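Novice: Dropping in structure08.pdb, which is PDB, C-alpha atoms:
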```pdb
ATOM      1  CA  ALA A   1     -63.623 -33.662-117.121  1.00  0.00           C
ATOM      2  CA  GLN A   2     -61.732 -30.640-115.850  1.00  0.00           C
ATOM      3  CA  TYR A   3     -58.639 -31.396-117.902  1.00  0.00           C
ATOM      4  CA  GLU A   4     -59.621 -32.506-121.404  1.00  0.00           C
ATOM      5  CA  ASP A   5     -57.501 -33.734-124.258  1.00  0.00           C
ATOM      6  CA  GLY A   6     -57.643 -31.099-126.973  1.00  0.00           C
ATOM      7  CA  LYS A   7     -58.325 -28.312-124.480  1.00  0.00           C
ATOM      8  CA  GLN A   8     -55.463 -27.480-122.076  1.00  0.00           C
ATOM      9  CA  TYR A   9     -53.291 -29.987-123.884  1.00  0.00           C
ATOM     10  CA  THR A  10     -53.203 -32.187-126.971  1.00  0.00           C
ATOM     11  CA  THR A  11     -51.910 -35.747-127.134  1.00  0.00           C
ATOM     12  CA  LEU A  12     -49.186 -36.749-129.559  1.00  0.00           C
ATOM     13  CA  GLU A  13     -50.361 -39.120-132.279  1.00  0.00           C
ATOM     14  CA  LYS A  14     -46.821 -40.470-132.162  1.00  0.00           C
ATOM     15  CA  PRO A  15     -45.370 -40.546-128.633  1.00  0.00           C
ATOM     16  CA  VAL A  16     -41.641 -39.989-128.193  1.00  0.00           C
ATOM     17  CA  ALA A  17     -39.872 -42.610-126.097  1.00  0.00           C
ATOM     18  CA  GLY A  18     -36.986 -41.624-123.801  1.00  0.00           C
ATOM     19  CA  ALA A  19     -37.980 -37.955-123.964  1.00  0.00           C
ATOM     20  CA  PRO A  20     -37.179 -35.452-121.176  1.00  0.00           C
ATOM     21  CA  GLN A  21     -39.906 -35.253-118.514  1.00  0.00           C
ATOM     22  CA  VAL A  22     -40.639 -31.577-119.143  1.00  0.00           C
ATOM     23  CA  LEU A  23     -39.364 -30.297-122.484  1.00  0.00           C
ATOM     24  CA  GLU A  24     -39.702 -26.634-123.542  1.00  0.00           C
ATOM     25  CA  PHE A  25     -38.898 -25.149-126.976  1.00  0.00           C
ATOM     26  CA  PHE A  26     -38.264 -21.492-127.655  1.00  0.00           C
ATOM     27  CA  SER A  27     -36.565 -19.004-130.007  1.00  0.00           C
ATOM     28  CA  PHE A  28     -34.984 -15.688-129.114  1.00  0.00           C
ATOM     29  CA  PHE A  29     -36.893 -14.416-132.206  1.00  0.00           C
ATOM     30  CA  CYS A  30     -40.259 -15.575-130.847  1.00  0.00           C
ATOM     31  CA  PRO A  31     -42.454 -12.763-129.398  1.00  0.00           C
ATOM     32  CA  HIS A  32     -44.612 -14.993-127.146  1.00  0.00           C
ATOM     33  CA  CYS A  33     -41.373 -16.615-125.915  1.00  0.00           C
ATOM     34  CA  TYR A  34     -40.134 -13.190-124.832  1.00  0.00           C
ATOM     35  CA  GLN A  35     -43.369 -12.783-122.894  1.00  0.00           C
ATOM     36  CA  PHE A  36     -43.044 -16.334-121.462  1.00  0.00           C
ATOM     37  CA  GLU A  37     -39.584 -15.518-120.184  1.00  0.00           C
ATOM     38  CA  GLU A  38     -39.652 -11.886-119.043  1.00  0.00           C
ATOM     39  CA  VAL A  39     -43.284 -11.122-118.177  1.00  0.00           C
ATOM     40  CA  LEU A  40     -44.817 -14.529-117.271  1.00  0.00           C
ATOM     41  CA  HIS A  41     -41.803 -16.497-115.982  1.00  0.00           C
ATOM     42  CA  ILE A  42     -43.475 -19.721-117.175  1.00  0.00           C
ATOM     43  CA  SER A  43     -40.445 -22.025-116.804  1.00  0.00           C
ATOM     44  CA  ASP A  44     -39.974 -20.776-113.295  1.00  0.00           C
ATOM     45  CA  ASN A  45     -43.550 -21.137-112.136  1.00  0.00           C
ATOM     46  CA  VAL A  46     -43.716 -24.592-113.691  1.00  0.00           C
ATOM     47  CA  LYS A  47     -40.693 -25.642-111.556  1.00  0.00           C
ATOM     48  CA  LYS A  48     -42.309 -24.359-108.400  1.00  0.00           C
ATOM     49  CA  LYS A  49     -45.191 -26.798-108.947  1.00  0.00           C
ATOM     50  CA  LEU A  50     -43.324 -29.803-110.320  1.00  0.00           C
ATOM     51  CA  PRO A  51     -42.913 -32.860-108.053  1.00  0.00           C
ATOM     52  CA  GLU A  52     -39.589 -33.784-106.558  1.00  0.00           C
ATOM     53  CA  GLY A  53     -37.440 -35.785-108.962  1.00  0.00           C
ATOM     54  CA  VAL A  54     -38.503 -33.859-112.075  1.00  0.00           C
ATOM     55  CA  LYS A  55     -35.841 -32.465-114.430  1.00  0.00           C
ATOM     56  CA  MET A  56     -36.725 -29.555-116.692  1.00  0.00           C
ATOM     57  CA  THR A  57     -35.228 -29.114-120.187  1.00  0.00           C
ATOM     58  CA  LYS A  58     -35.221 -26.066-122.488  1.00  0.00           C
ATOM     59  CA  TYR A  59     -34.074 -26.047-126.110  1.00  0.00           C
ATOM     60  CA  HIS A  60     -33.714 -23.376-128.810  1.00  0.00           C
ATOM     61  CA  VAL A  61     -35.006 -23.902-132.374  1.00  0.00           C
ATOM     62  CA  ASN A  62     -33.687 -23.131-135.864  1.00  0.00           C
ATOM     63  CA  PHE A  63     -36.837 -22.355-137.806  1.00  0.00           C
ATOM     64  CA  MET A  64     -36.966 -18.641-136.884  1.00  0.00           C
ATOM     65  CA  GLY A  65     -34.519 -15.933-137.892  1.00  0.00           C
ATOM     66  CA  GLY A  66     -32.657 -17.806-140.619  1.00  0.00           C
ATOM     67  CA  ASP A  67     -28.872 -17.714-140.245  1.00  0.00           C
ATOM     68  CA  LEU A  68     -28.967 -15.836-136.947  1.00  0.00           C
ATOM     69  CA  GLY A  69     -31.514 -18.367-135.710  1.00  0.00           C
ATOM     70  CA  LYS A  70     -28.985 -21.173-136.118  1.00  0.00           C
ATOM     71  CA  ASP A  71     -26.267 -19.085-134.455  1.00  0.00           C
ATOM     72  CA  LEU A  72     -28.610 -18.649-131.523  1.00  0.00           C
ATOM     73  CA  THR A  73     -29.169 -22.414-131.243  1.00  0.00           C
ATOM     74  CA  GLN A  74     -25.386 -22.926-131.119  1.00  0.00           C
ATOM     75  CA  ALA A  75     -25.082 -20.103-128.487  1.00  0.00           C
ATOM     76  CA  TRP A  76     -27.772 -21.692-126.395  1.00  0.00           C
ATOM     77  CA  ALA A  77     -25.763 -24.952-126.597  1.00  0.00           C
ATOM     78  CA  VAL A  78     -22.802 -22.892-125.359  1.00  0.00           C
ATOM     79  CA  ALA A  79     -25.054 -21.433-122.623  1.00  0.00           C
ATOM     80  CA  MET A  80     -26.116 -24.987-121.542  1.00  0.00           C
ATOM     81  CA  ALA A  81     -22.544 -26.476-121.519  1.00  0.00           C
ATOM     82  CA  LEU A  82     -21.053 -23.674-119.321  1.00  0.00           C
ATOM     83  CA  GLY A  83     -24.209 -23.483-117.259  1.00  0.00           C
ATOM     84  CA  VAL A  84     -24.819 -19.794-117.906  1.00  0.00           C
ATOM     85  CA  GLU A  85     -28.457 -19.875-119.118  1.00  0.00           C
ATOM     86  CA  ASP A  86     -29.622 -17.617-116.300  1.00  0.00           C
ATOM     87  CA  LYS A  87     -27.116 -14.912-117.227  1.00  0.00           C
ATOM     88  CA  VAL A  88     -27.624 -14.687-120.976  1.00  0.00           C
ATOM     89  CA  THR A  89     -31.318 -15.397-121.435  1.00  0.00           C
ATOM     90  CA  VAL A  90     -32.553 -11.912-120.700  1.00  0.00           C
ATOM     91  CA  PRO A  91     -29.852  -9.980-122.627  1.00  0.00           C
ATOM     92  CA  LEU A  92     -30.300 -12.294-125.641  1.00  0.00           C
ATOM     93  CA  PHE A  93     -34.052 -11.734-125.694  1.00  0.00           C
ATOM     94  CA  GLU A  94     -33.615  -7.990-125.394  1.00  0.00           C
ATOM     95  CA  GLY A  95     -30.727  -7.814-127.874  1.00  0.00           C
ATOM     96  CA  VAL A  96     -32.909  -9.560-130.455  1.00  0.00           C
ATOM     97  CA  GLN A  97     -36.401  -8.107-129.806  1.00  0.00           C
ATOM     98  CA  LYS A  98     -36.002  -4.955-127.699  1.00  0.00           C
ATOM     99  CA  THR A  99     -32.838  -3.031-128.644  1.00  0.00           C
ATOM    100  CA  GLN A 100     -32.164  -4.953-131.883  1.00  0.00           C
ATOM    101  CA  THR A 101     -28.444  -4.860-131.350  1.00  0.00           C
ATOM    102  CA  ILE A 102     -27.921  -8.528-132.128  1.00  0.00           C
ATOM    103  CA  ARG A 103     -27.305  -8.925-135.850  1.00  0.00           C
ATOM    104  CA  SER A 104     -24.392 -11.316-136.060  1.00  0.00           C
ATOM    105  CA  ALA A 105     -22.657 -14.115-134.181  1.00  0.00           C
ATOM    106  CA  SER A 106     -20.180 -11.523-132.951  1.00  0.00           C
ATOM    107  CA  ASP A 107     -23.031  -9.580-131.328  1.00  0.00           C
ATOM    108  CA  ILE A 108     -24.271 -12.769-129.621  1.00  0.00           C
ATOM    109  CA  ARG A 109     -20.750 -13.310-128.319  1.00  0.00           C
ATOM    110  CA  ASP A 110     -20.726  -9.741-126.882  1.00  0.00           C
ATOM    111  CA  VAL A 111     -23.733 -10.607-124.754  1.00  0.00           C
ATOM    112  CA  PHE A 112     -21.774 -13.490-123.202  1.00  0.00           C
ATOM    113  CA  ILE A 113     -18.635 -11.308-122.705  1.00  0.00           C
ATOM    114  CA  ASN A 114     -20.712  -8.621-120.971  1.00  0.00           C
ATOM    115  CA  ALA A 115     -22.264 -11.333-118.760  1.00  0.00           C
ATOM    116  CA  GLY A 116     -18.716 -12.203-117.733  1.00  0.00           C
ATOM    117  CA  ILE A 117     -17.932 -15.404-119.638  1.00  0.00           C
ATOM    118  CA  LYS A 118     -14.307 -15.096-120.823  1.00  0.00           C
ATOM    119  CA  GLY A 119     -13.623 -14.786-124.562  1.00  0.00           C
ATOM    120  CA  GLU A 120     -11.288 -17.767-124.584  1.00  0.00           C
ATOM    121  CA  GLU A 121     -13.877 -19.804-122.652  1.00  0.00           C
ATOM    122  CA  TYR A 122     -16.699 -18.811-124.998  1.00  0.00           C
ATOM    123  CA  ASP A 123     -14.790 -19.422-128.231  1.00  0.00           C
ATOM    124  CA  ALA A 124     -13.516 -22.795-126.974  1.00  0.00           C
ATOM    125  CA  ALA A 125     -17.068 -23.856-126.048  1.00  0.00           C
ATOM    126  CA  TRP A 126     -18.469 -22.421-129.325  1.00  0.00           C
ATOM    127  CA  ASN A 127     -16.069 -24.597-131.310  1.00  0.00           C
ATOM    128  CA  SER A 128     -16.205 -27.742-129.139  1.00  0.00           C
ATOM    129  CA  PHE A 129     -17.708 -31.078-130.197  1.00  0.00           C
ATOM    130  CA  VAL A 130     -19.526 -31.146-126.852  1.00  0.00           C
ATOM    131  CA  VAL A 131     -21.440 -28.102-128.107  1.00  0.00           C
ATOM    132  CA  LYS A 132     -21.820 -29.801-131.525  1.00  0.00           C
ATOM    133  CA  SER A 133     -23.647 -32.723-129.892  1.00  0.00           C
ATOM    134  CA  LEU A 134     -25.757 -30.374-127.745  1.00  0.00           C
ATOM    135  CA  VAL A 135     -26.857 -28.618-130.954  1.00  0.00           C
ATOM    136  CA  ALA A 136     -27.617 -32.109-132.336  1.00  0.00           C
ATOM    137  CA  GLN A 137     -29.745 -32.872-129.276  1.00  0.00           C
ATOM    138  CA  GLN A 138     -31.752 -29.655-129.644  1.00  0.00           C
ATOM    139  CA  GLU A 139     -32.454 -30.393-133.280  1.00  0.00           C
ATOM    140  CA  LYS A 140     -33.351 -34.076-132.678  1.00  0.00           C
ATOM    141  CA  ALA A 141     -35.837 -33.294-129.883  1.00  0.00           C
ATOM    142  CA  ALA A 142     -37.564 -30.733-132.115  1.00  0.00           C
ATOM    143  CA  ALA A 143     -37.500 -33.194-135.036  1.00  0.00           C
ATOM    144  CA  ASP A 144     -38.937 -35.982-132.838  1.00  0.00           C
ATOM    145  CA  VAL A 145     -42.084 -33.985-132.089  1.00  0.00           C
ATOM    146  CA  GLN A 146     -43.182 -32.441-135.398  1.00  0.00           C
ATOM    147  CA  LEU A 147     -42.239 -29.015-134.144  1.00  0.00           C
ATOM    148  CA  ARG A 148     -43.397 -26.048-136.276  1.00  0.00           C
ATOM    149  CA  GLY A 149     -44.167 -23.544-133.522  1.00  0.00           C
ATOM    150  CA  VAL A 150     -42.818 -22.024-130.319  1.00  0.00           C
ATOM    151  CA  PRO A 151     -43.239 -21.479-127.406  1.00  0.00           C
ATOM    152  CA  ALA A 152     -43.990 -25.149-126.903  1.00  0.00           C
ATOM    153  CA  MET A 153     -43.942 -27.479-123.964  1.00  0.00           C
ATOM    154  CA  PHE A 154     -44.097 -31.277-123.997  1.00  0.00           C
ATOM    155  CA  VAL A 155     -44.606 -33.510-120.968  1.00  0.00           C
ATOM    156  CA  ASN A 156     -43.084 -37.033-120.936  1.00  0.00           C
ATOM    157  CA  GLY A 157     -42.896 -37.113-124.718  1.00  0.00           C
ATOM    158  CA  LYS A 158     -46.645 -37.680-124.964  1.00  0.00           C
ATOM    159  CA  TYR A 159     -48.508 -34.439-124.091  1.00  0.00           C
ATOM    160  CA  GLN A 160     -48.277 -30.943-125.548  1.00  0.00           C
ATOM    161  CA  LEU A 161     -49.419 -27.828-123.660  1.00  0.00           C
ATOM    162  CA  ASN A 162     -52.134 -25.881-125.408  1.00  0.00           C
ATOM    163  CA  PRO A 163     -52.132 -22.315-123.990  1.00  0.00           C
ATOM    164  CA  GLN A 164     -54.729 -21.091-126.505  1.00  0.00           C
ATOM    165  CA  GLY A 165     -57.209 -23.032-124.360  1.00  0.00           C
ATOM    166  CA  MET A 166     -56.637 -20.995-121.133  1.00  0.00           C
ATOM    167  CA  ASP A 167     -57.994 -17.531-120.100  1.00  0.00           C
ATOM    168  CA  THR A 168     -55.607 -14.619-120.750  1.00  0.00           C
ATOM    169  CA  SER A 169     -57.629 -11.845-119.074  1.00  0.00           C
ATOM    170  CA  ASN A 170     -55.300 -12.134-116.137  1.00  0.00           C
ATOM    171  CA  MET A 171     -51.613 -12.909-116.574  1.00  0.00           C
ATOM    172  CA  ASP A 172     -51.169 -14.518-113.137  1.00  0.00           C
ATOM    173  CA  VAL A 173     -54.171 -16.776-113.632  1.00  0.00           C
ATOM    174  CA  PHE A 174     -52.859 -17.829-117.033  1.00  0.00           C
ATOM    175  CA  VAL A 175     -49.493 -18.821-115.563  1.00  0.00           C
ATOM    176  CA  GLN A 176     -50.979 -20.873-112.696  1.00  0.00           C
ATOM    177  CA  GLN A 177     -53.392 -22.626-115.024  1.00  0.00           C
ATOM    178  CA  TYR A 178     -50.440 -23.435-117.267  1.00  0.00           C
ATOM    179  CA  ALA A 179     -48.301 -24.677-114.374  1.00  0.00           C
ATOM    180  CA  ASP A 180     -51.120 -26.725-112.777  1.00  0.00           C
ATOM    181  CA  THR A 181     -51.693 -28.306-116.171  1.00  0.00           C
ATOM    182  CA  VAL A 182     -48.040 -29.301-116.456  1.00  0.00           C
ATOM    183  CA  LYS A 183     -48.292 -30.865-112.959  1.00  0.00           C
ATOM    184  CA  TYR A 184     -51.505 -32.724-113.850  1.00  0.00           C
ATOM    185  CA  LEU A 185     -49.883 -34.077-117.041  1.00  0.00           C
ATOM    186  CA  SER A 186     -46.836 -34.895-114.946  1.00  0.00           C
ATOM    187  CA  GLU A 187     -48.908 -37.162-112.636  1.00  0.00           C
ATOM    188  CA  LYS A 188     -50.837 -38.766-115.479  1.00  0.00           C
TER     189      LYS A 188
END
```
Take the structure from the file and write it as structure tokens.

Specialist:
Amino acid sequence: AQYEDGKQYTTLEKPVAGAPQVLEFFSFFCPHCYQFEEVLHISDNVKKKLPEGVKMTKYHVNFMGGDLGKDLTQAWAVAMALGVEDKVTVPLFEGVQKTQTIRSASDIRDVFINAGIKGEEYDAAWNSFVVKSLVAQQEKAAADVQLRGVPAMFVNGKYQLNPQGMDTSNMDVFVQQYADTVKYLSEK
């Protein structure tokens, strides 16, 4: 076939019922994730090829960066609740991997302040039980799928993207192959 189990994707031994249609996992500590976001724009190019009716979900993970890793998962929950993902994603990635100016929860907070979220609004969100359950959701989705590595994408709780099985000689070709695969898995 052109799309083969174990080549552009793997199938989960243990499918996850009720899962988001397109589910992406990342870490602000993850070097390929940085690439996926700032150089490749994977999430974005996947949207452009997804059918109508398809919701896209992106969660942060705890297993990189120890204590700061967990802080980042709570901040991403804050980012999701206030709807400010598109304003903090780039400065978080760069504060962690490029400038290395993010070393504490207070430094994460600064990124949100600079992006224009008000202190009061951030600290209220940070401490809210709505953010507590969003953190819970991020952890459960990762737990549900055996997750030990990022970046990772899952389609309909049954298929997992396998980017190691795509040519990387050309970055644009890699992205389209990735996106087309997501669409194929989408229609499966």

Novice: Between A:33, A:179, A:72, A:185, which has the minimum distance to residue 157 in chain A (counting only C-alpha atoms)?

Specialist: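 The answer is A:185, which sits nearest to residue 157 in chain A.
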
Novice: Return as an MDAnalysis selection string the set of residues that the PyMOL selection byres ((chain A and resi 141) around 10) yields on the displayed structure.

Specialist: chainID A and resid 16 19:20 23:25 59 61 136:140 142:147 157

Novice: For each of A:105, A:79, A:30, A:92, take the minimum atom-to-atom distance to residue 149 in chain A, counting all atoms listed in the file, then give the residue where this is smallest.

Specialist: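 So, comparing all the options, the nearest one is A:30.
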
Novice: Taking the file above as input, evaluate the PyMOL selection byres ((chain A and resi 168-175) around 8) and report the hits as a ChimeraX atom specification.

Specialist: /A:40,42,45,166-167,176-179

Novice: Considering only C-alpha atoms, can you say which of A:68, A:130, A:161, A:78 comes closest to residue 28 in chain A?

Specialist: A:68

Novice: Residues within 7 Å of residue 22 in chain A, please, as a list in words. Count all atoms listed in the file; anything in the same chain fewer than 2 positions from it doesn't count.

Specialist: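 Selected residues are residues 20, 24, 55, 56, 57, 154, 155 and 156 of chain A.
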
Novice: Edge lengths and centre, in Å to one decimal, as lines of an AutoDock Vina configuration file: that's what I need for the box along x, y and z that holds all listed atoms of range 153-171 of chain A plus 6 Å on each side.

Specialist:
```
center_x = -50.4
center_y = -24.8
center_z = -121.3
size_x = 27.1
size_y = 37.8
size_z = 22.4
```

Novice: Counting all atoms listed in the file, which of A:29, A:44, A:129, A:67 gets nearest to residue 100 in chain A?

Specialist: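 Once distances to residue 100 in chain A are computed over all atoms listed in the file, the minimum belongs to A:29.
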
Novice: Which residue gives the smallest distance to residue 66 in chain A among A:132, A:117, A:104, A:13, with all atoms listed in the file counted?

Specialist: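 Smallest separation from residue 66 in chain A among the options: A:104.
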
Novice: Just checking: using only C-alpha atoms, which residue out of A:97, A:150, A:113, A:36 ends up closest to residue 63 in chain A?

Specialist: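 Among A:97, A:150, A:113, A:36, it is A:150 that comes nearest to residue 63 in chain A.
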
Novice: Please, what distance in Å, to one decimal, runs between CA of residue 180 in chain A and CA of residue 41 in chain A?

Specialist: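 Result for CA of residue 180 in chain A versus CA of residue 41 in chain A: 14.2 Å, one decimal.
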
Novice: Write out as a list in words which residues come within 7 Å of range 82-91 of chain A when counting only C-alpha atoms, dropping same-chain ones fewer than 3 positions away.

Specialist: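 Residues near the query, excluding close chain neighbours: residues 78, 79, 94, 95, 111, 112 and 115 of chain A.
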
Novice: For CA of residue 38 in chain A and CA of residue 106 in chain A, determine how far apart the two atoms are, in Å to one decimal place.

Specialist: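 Between these atoms lies a distance of 23.9 Å.
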
Novice: Between CA of residue 188 in chain A and CA of residue 53 in chain A, what is the distance, to one decimal in Å?

Specialist: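 Between CA of residue 188 in chain A and CA of residue 53 in chain A the gap is 15.2 Å.
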
Novice: Give me range 38-54 of chain A with N, CA, C and O atoms filled in, as an mmCIF file, keeping the file's coordinate frame.

Specialist:
```cif
data_model
loop_
_atom_site.group_PDB
_atom_site.id
_atom_site.type_symbol
_atom_site.label_atom_id
_atom_site.label_comp_id
_atom_site.auth_asym_id
_atom_site.auth_seq_id
_atom_site.Cartn_x
_atom_site.Cartn_y
_atom_site.Cartn_z
ATOM 1 N N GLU A 38 -39.857 -13.083 -119.862
ATOM 2 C CA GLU A 38 -39.652 -11.886 -119.043
ATOM 3 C C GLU A 38 -40.872 -11.375 -118.296
ATOM 4 O O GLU A 38 -40.722 -10.799 -117.222
ATOM 5 N N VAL A 39 -42.070 -11.621 -118.821
ATOM 6 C CA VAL A 39 -43.284 -11.122 -118.177
ATOM 7 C C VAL A 39 -44.009 -12.194 -117.345
ATOM 8 O O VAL A 39 -44.512 -11.899 -116.248
ATOM 9 N N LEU A 40 -44.087 -13.416 -117.889
ATOM 10 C CA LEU A 40 -44.817 -14.529 -117.271
ATOM 11 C C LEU A 40 -43.969 -15.480 -116.427
ATOM 12 O O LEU A 40 -44.485 -16.093 -115.501
ATOM 13 N N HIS A 41 -42.687 -15.628 -116.755
ATOM 14 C CA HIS A 41 -41.803 -16.497 -115.982
ATOM 15 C C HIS A 41 -42.358 -17.931 -115.896
ATOM 16 O O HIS A 41 -42.338 -18.574 -114.837
ATOM 17 N N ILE A 42 -42.869 -18.400 -117.033
ATOM 18 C CA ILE A 42 -43.475 -19.721 -117.175
ATOM 19 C C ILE A 42 -42.583 -20.847 -116.657
ATOM 20 O O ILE A 42 -42.999 -21.620 -115.775
ATOM 21 N N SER A 43 -41.360 -20.941 -117.190
ATOM 22 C CA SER A 43 -40.445 -22.025 -116.804
ATOM 23 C C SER A 43 -40.331 -22.064 -115.296
ATOM 24 O O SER A 43 -40.388 -23.118 -114.658
ATOM 25 N N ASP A 44 -40.196 -20.883 -114.718
ATOM 26 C CA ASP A 44 -39.974 -20.776 -113.295
ATOM 27 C C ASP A 44 -41.165 -21.228 -112.448
ATOM 28 O O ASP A 44 -41.028 -21.949 -111.455
ATOM 29 N N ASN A 45 -42.346 -20.825 -112.878
ATOM 30 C CA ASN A 45 -43.550 -21.137 -112.136
ATOM 31 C C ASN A 45 -43.932 -22.594 -112.333
ATOM 32 O O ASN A 45 -44.534 -23.207 -111.449
ATOM 33 N N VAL A 46 -43.555 -23.158 -113.480
ATOM 34 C CA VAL A 46 -43.716 -24.592 -113.691
ATOM 35 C C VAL A 46 -42.837 -25.372 -112.702
ATOM 36 O O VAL A 46 -43.320 -26.316 -112.072
ATOM 37 N N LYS A 47 -41.567 -24.975 -112.544
ATOM 38 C CA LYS A 47 -40.693 -25.642 -111.556
ATOM 39 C C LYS A 47 -41.282 -25.663 -110.169
ATOM 40 O O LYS A 47 -41.250 -26.687 -109.488
ATOM 41 N N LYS A 48 -41.783 -24.509 -109.742
ATOM 42 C CA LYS A 48 -42.309 -24.359 -108.400
ATOM 43 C C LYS A 48 -43.451 -25.355 -108.118
ATOM 44 O O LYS A 48 -43.749 -25.645 -106.964
ATOM 45 N N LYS A 49 -44.070 -25.899 -109.161
ATOM 46 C CA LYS A 49 -45.191 -26.798 -108.947
ATOM 47 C C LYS A 49 -44.871 -28.220 -109.343
ATOM 48 O O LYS A 49 -45.701 -29.106 -109.154
ATOM 49 N N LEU A 50 -43.720 -28.437 -109.971
ATOM 50 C CA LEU A 50 -43.324 -29.803 -110.320
ATOM 51 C C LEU A 50 -42.938 -30.591 -109.084
ATOM 52 O O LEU A 50 -42.301 -30.050 -108.166
ATOM 53 N N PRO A 51 -43.268 -31.895 -109.090
ATOM 54 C CA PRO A 51 -42.913 -32.860 -108.053
ATOM 55 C C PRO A 51 -41.425 -32.836 -107.771
ATOM 56 O O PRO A 51 -40.660 -32.163 -108.464
ATOM 57 N N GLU A 52 -41.009 -33.560 -106.746
ATOM 58 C CA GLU A 52 -39.589 -33.784 -106.558
ATOM 59 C C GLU A 52 -39.147 -34.918 -107.480
ATOM 60 O O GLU A 52 -39.890 -35.887 -107.695
ATOM 61 N N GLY A 53 -37.946 -34.786 -108.040
ATOM 62 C CA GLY A 53 -37.440 -35.785 -108.962
ATOM 63 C C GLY A 53 -37.571 -35.386 -110.424
ATOM 64 O O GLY A 53 -37.067 -36.083 -111.306
ATOM 65 N N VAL A 54 -38.253 -34.274 -110.693
ATOM 66 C CA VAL A 54 -38.503 -33.859 -112.075
ATOM 67 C C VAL A 54 -37.483 -32.863 -112.657
ATOM 68 O O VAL A 54 -37.345 -31.737 -112.180
#
```
